[PDB]
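Just the one chain here, laid out as C-alpha cells, in the form deposited in one PDB entry.
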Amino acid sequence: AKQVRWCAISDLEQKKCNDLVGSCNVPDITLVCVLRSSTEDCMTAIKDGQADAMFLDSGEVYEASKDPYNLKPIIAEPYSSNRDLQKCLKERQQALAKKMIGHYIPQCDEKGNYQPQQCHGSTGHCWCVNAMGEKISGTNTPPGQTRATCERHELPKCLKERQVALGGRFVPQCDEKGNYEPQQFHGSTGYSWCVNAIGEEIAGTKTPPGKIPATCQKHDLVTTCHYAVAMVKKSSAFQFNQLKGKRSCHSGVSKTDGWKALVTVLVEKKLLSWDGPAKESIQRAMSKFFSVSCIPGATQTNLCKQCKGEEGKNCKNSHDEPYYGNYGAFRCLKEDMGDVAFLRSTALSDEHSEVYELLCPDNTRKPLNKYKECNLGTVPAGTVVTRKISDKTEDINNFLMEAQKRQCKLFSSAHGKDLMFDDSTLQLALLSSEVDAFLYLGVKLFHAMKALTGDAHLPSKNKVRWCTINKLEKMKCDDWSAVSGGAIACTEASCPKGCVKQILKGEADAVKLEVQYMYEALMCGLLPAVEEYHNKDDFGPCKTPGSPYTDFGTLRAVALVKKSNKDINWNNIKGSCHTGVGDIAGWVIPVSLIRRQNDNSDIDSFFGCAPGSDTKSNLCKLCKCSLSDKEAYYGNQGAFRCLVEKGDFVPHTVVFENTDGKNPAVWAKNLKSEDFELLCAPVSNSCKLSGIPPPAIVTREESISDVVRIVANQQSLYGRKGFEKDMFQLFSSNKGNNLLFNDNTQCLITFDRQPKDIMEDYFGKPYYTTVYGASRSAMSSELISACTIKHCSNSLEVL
C-alpha cells in the first residue's frame, strides 16, 4: 500500500488531480494531490520530500537538475523512430494490456511484422500499412465497402538504392536492417561523405582520398515533431527583425517554446543586444527589448504588466494566470494584449488560419500549416521528474502505467488543456535510471541550455582536466596535479562511461579508456589523442615519436590447442573453455567470429567453462562458474587451467607465462611451449583471430592539439625515464596499481590519424568488421542516443 503525491501548480490542476483521485482506481497506489502556486514551488516541494513527481517542459529540465532543485527526468513520451525494432509485436502487447473492449489491436504475422492490412475489429474499418505500421494515405475503408488491396512495403530505401546499382558506380553501404550508414565511401573514386537518416548527403562533408574524412554523426528519423513558433495576427504588418518595441505574450520564461528558442534566434540574428550571462540577465535584456509583455514567471515588471492574473497570481508560472501556457499565450494574442505570441505548434488549429499566421525568423510571414518551415526550432517532449535519489520512481511508474492501462483520463480535462501533462501526450513510458538531464536533452541541447543559463565552461588551452574512476586514481591524479605546475587538474567519476559523459558535458578534458568503452566514445564524437604503448623490448618510439614502431605491445587473441596431444582444428571446434564472458581476448573476439560465420546462437548450440554464462549451460560446468578467480578457471590463468584438465581462447601471452616453469602449482609447472599450439602453427607464429587495439586517451576534437602537447611535455618531465621522474611517476604509484594508466605501459604515443574511417582508424578493420560489423549501429545505448541527431519527418513513409 503505497501513495504517490503529485504536485499541482494551479487550481485547475488540483481539480483535475482530484478528479483522478476519484475516478482512477489503481490497486495498492493512492494518488494524493499537493497544491502549490507555481512550477518552481512544486519543484521545491518535490526537492523537500513533500511531493513525488511532476511534469516539466524540456526547457525546464536542465535547471531542474541543478541546485536548488536537483530533480531528474524519469517518465517520458516515447517517439517513433526508424530504428524501432519489432514494433508490431510491442504495439500488440501494449494494446492487449489496456483493460478496455473494442480498441484497435495491431495485427501481426508469424514473424512479428505488420500484416499489410490492418482492421479495427469493433468498427469494421480497414486500411493498409507499411513496415512500420504507418497507414498508407487514403486506404482507410469502412465496412460494407471494397477494401484497398495492400502491398507489402518492407524494402528500405537504402537496399533499393543498392539494387539500382548492381544491374547494368555509387553502391552505398548500409547498416543491418537496411538503414543508411552515416558515413559513405565510394569504392571507385575514393571519396567519402556523411549522410542523414534517409541517405541524402549533408553539405560540406565530402572528402577526396588521402584527405581526412569529416566526422559523420548518427541520425535517427523521427515522426510527430513539435515546434516553437511565433504566432501573429494577419492584420499586423511587422516582420521578425522588427520585434523590438512590440508587445509580446509567452507561454513561460522557462519554457523552450515560450522563451529559450526565441532568445537563441534573437541572439543568432543579432537582434538582441545583450552581453554574456553573469554580466547581464537575459531577462533584463529582453525587458529592454520588448515594451510591455506577459511572460509568466518573469521578475521584470514590464514583462508582467500585460498579464491578466489577479494580484497574488499575476505573472505566475500557474494556470491561475489566464495567460500562462501555450493556450494562455494564444489567449493574450487574441485579446489584443500582445502583438505576437510565442508558443508550441500544438496550440495551432485550422480554425485560426483565417485570422492568424506565423512570423518566420527569415523576416517573412506564412500560414499556420507551414509551421515546419516557419519555426524557432524543435521542442522535445516534456517529462515527469522526481528527486535524483529516485526513492519513489517505482511507485510513480507503476501508478502511471496502471492508469494508462485502465484508460484513466490523464491527458484531457473539462477544466482546461495541458493541465497535468501535455494534452498531445499519447503515452508515457519509463526511462532508464541512467537518464539524467544530459542524456534526456542530448549533447547539443544540453550545451545550449548550459550556455543559456550562464554555466558554460571555456576550457583552458594550457590545462588538462583528467577524469578518474576511483579514489586511488583521484589520489594519484592529485599527486600529478600537485607536481604538474598547473598543467593537470583532477575530476572524479564513478566509471569510465561517466568520464566520457563528463568530457561530453565540458566538465572534463581527457580520459584513458579500454577497448570496451571505445565504441561508444567514438560514436559520440570523441577521438584518441594518445595511446598506451607496451613494447618492453624496443622503447624506440617512446623517447622519440616516430622512431618507427614494429610492435605496439598489442595483445593477440588466439585459441590455444596442442601439438597432437589433441586433434582440434577450427572446423570441428563444435563439441574449449574461456576466461570470462566480458574478456575481449577470448569471449568477444571468438564469439563474434563464430556467430558472424554460420548464423547461430552460440550460447549453447556450438560447444560441448565460460564464467558468467547463465548457470550450467553446456559449458560453464567444465570448471561455480562465477566471474571471479574465486573459481579456479577464471582469467588467463584459469582459462589455461581449462586447457590442461578437460582439454580441447586467450591472448598469446597466456602460453608464454606458465610455460617453461614460470608458474609452478603442479599443473602449470612442468608445461612447455612445445606441448601447446594455436589454430589459424607453432605457438609463437600471424596465426591469430585478431589483434586488440591499445587503450586510448580520448578527448574532444578541439582539445586534441592541446591534450597531446601537454601530455608530451608532462611525459618528458615524469614517467618512464624522465628528467624529474624522482618527483613523480606516470606509470606507477604507491597509491595503487594501474590507476590512470596500465602500469606495464612503456609510454604514451600520439595517435596518428589516417585518412581512413575513425572507427577503422582506431579499431583496425579486422577488429571493426569482426566485432561491430563495420557498422555504426552494432550497439545502442542511452549515451549513443544522446549523441544521435534527431531528424524529423511527417512519417517514415520512405519504404
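Take the two forms, superpose them, and find the largest set of C-alpha atoms that agree within 1.5 Å; that set is the rigid core. So that there is no doubt, residue numbering starts at 1 and follows the sequence shown.
Note that the form deposited in another entry isn't included here; everything after this is about it.
Enquirer: Please look at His153, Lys372, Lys566, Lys206 and say which one has a C-alpha shift reaching 2 Å or more between this form and the one not shown, core superposed.
Expert: Just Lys566.
Enquirer: Is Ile105 one of the residues whose Cα moves 2 Å or more between this form and the one not shown, with the core superposed?
Expert: Comparing the forms between this form and the one not shown, which are aligned on their rigid core, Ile105 does not shift its C-alpha by 2 Å or more.
Enquirer: With both forms fit on the core, has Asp602 moved 2 Å or more by CA between this form and the one not shown?
Expert: Yes: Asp602 shifts by at least 2 Å between this form and the one not shown.
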